[PDB]
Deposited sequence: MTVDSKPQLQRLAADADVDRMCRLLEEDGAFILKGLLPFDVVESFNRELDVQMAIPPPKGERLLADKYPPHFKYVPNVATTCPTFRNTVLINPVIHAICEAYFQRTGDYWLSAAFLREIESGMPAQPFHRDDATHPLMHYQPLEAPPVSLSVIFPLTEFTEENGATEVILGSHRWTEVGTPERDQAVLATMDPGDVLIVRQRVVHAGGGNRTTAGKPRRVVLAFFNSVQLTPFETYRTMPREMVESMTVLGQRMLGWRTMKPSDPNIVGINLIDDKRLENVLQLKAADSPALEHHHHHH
């Protein structure tokens, strides 16, 4: 059975665009260097060791290891991963027809041993209107998936069904229709909108849990799952322009027919109203 294509991180972007439309997913080898993976990994270690908050936990409410909006608490992600050029070439190619995109969410998941796999699904629950968008419409969401442990047959490599974005419905596909996204930390799995998939769970009996970071880039038309308006100003101005843009701190622009933009106020750009500085401005 045809497997997921592995690609060198410096591969030409049009093949990745091509692959997204043909297979619906692909893998980049060694996009993030080891030291970058290492820092992010110890930054996330801090948040995991931070005691549990007592209020309500909207998504956490058995054992659900999970760090939300890692961009506010993980400098490596905020300052390096989020702005990674290869990622954004893909995005610009992919969001060609829809226009500006930004970060709807990026959060950590750990999968303990002996957890059942996911059921096959499409990433269309956060914005259910996507369920009704036809395949031909301009895509408005892109799943980017960072392994931070080994992804193996054993621990539950992500399962993808290639080409399945062409289906009208998910239905009940069989596990042996999927292929495995086995990768090493530093690699990245990129999944097109409408592609059917499932996390593998974890069938190790005893051992370290599989750790994945899930990033969702959507058209700026879609409301971000996580709002970054509470980030302190000084933290925001320490980011590059592109980083500020991805986190909803600037005015954006869906493609024409929208000739004006979005996320604006007083008929001005938000960043100008806020007198916003940036690492690279």
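The deposited chain is incompletely modelled, with C-alpha atoms absent over 1-5, 67-69, 290-299.
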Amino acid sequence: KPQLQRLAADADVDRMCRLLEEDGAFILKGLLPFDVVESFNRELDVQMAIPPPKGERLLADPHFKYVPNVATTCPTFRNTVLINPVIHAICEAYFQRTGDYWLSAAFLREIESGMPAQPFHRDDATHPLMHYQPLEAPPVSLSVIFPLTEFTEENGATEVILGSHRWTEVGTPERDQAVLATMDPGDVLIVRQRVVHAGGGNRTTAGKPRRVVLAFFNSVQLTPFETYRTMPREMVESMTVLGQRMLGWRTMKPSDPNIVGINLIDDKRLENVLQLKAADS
From here on, numbers count along this sequence of modelled residues.
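Averaged over Cα atoms, the B-factor as recorded in the entry is higher for 22-30 than for the other of 22-30 and 220-228. For the segment pair 198-206 and 140-148, the entry gives 198-206 the higher mean B-factor, averaged over Cα atoms.
Taking the deposited Cα B-factors for 233, 250, 57, 253, the highest one is held by 57. Residue-level inspection of the entry shows that, of 246, 214, 37, 239, 37 has the top Cα B-factor. Looking at the C-alpha B-factors along this chain, the one for residue 85 belongs to the middle third. In this PDB entry, residue 155 carries a Cα temperature factor that places it within the highest third of its chain's modelled residues. In this PDB entry, residue 78 carries a Cα temperature factor that places it within the middle third of its chain's modelled residues. The deposited CA B-factor of residue 128 belongs to the lowest third of values across its chain.
Annotation for residue 99: C-alpha temperature factor in the lowest third relative to the rest of the modelled chain, per the entry.
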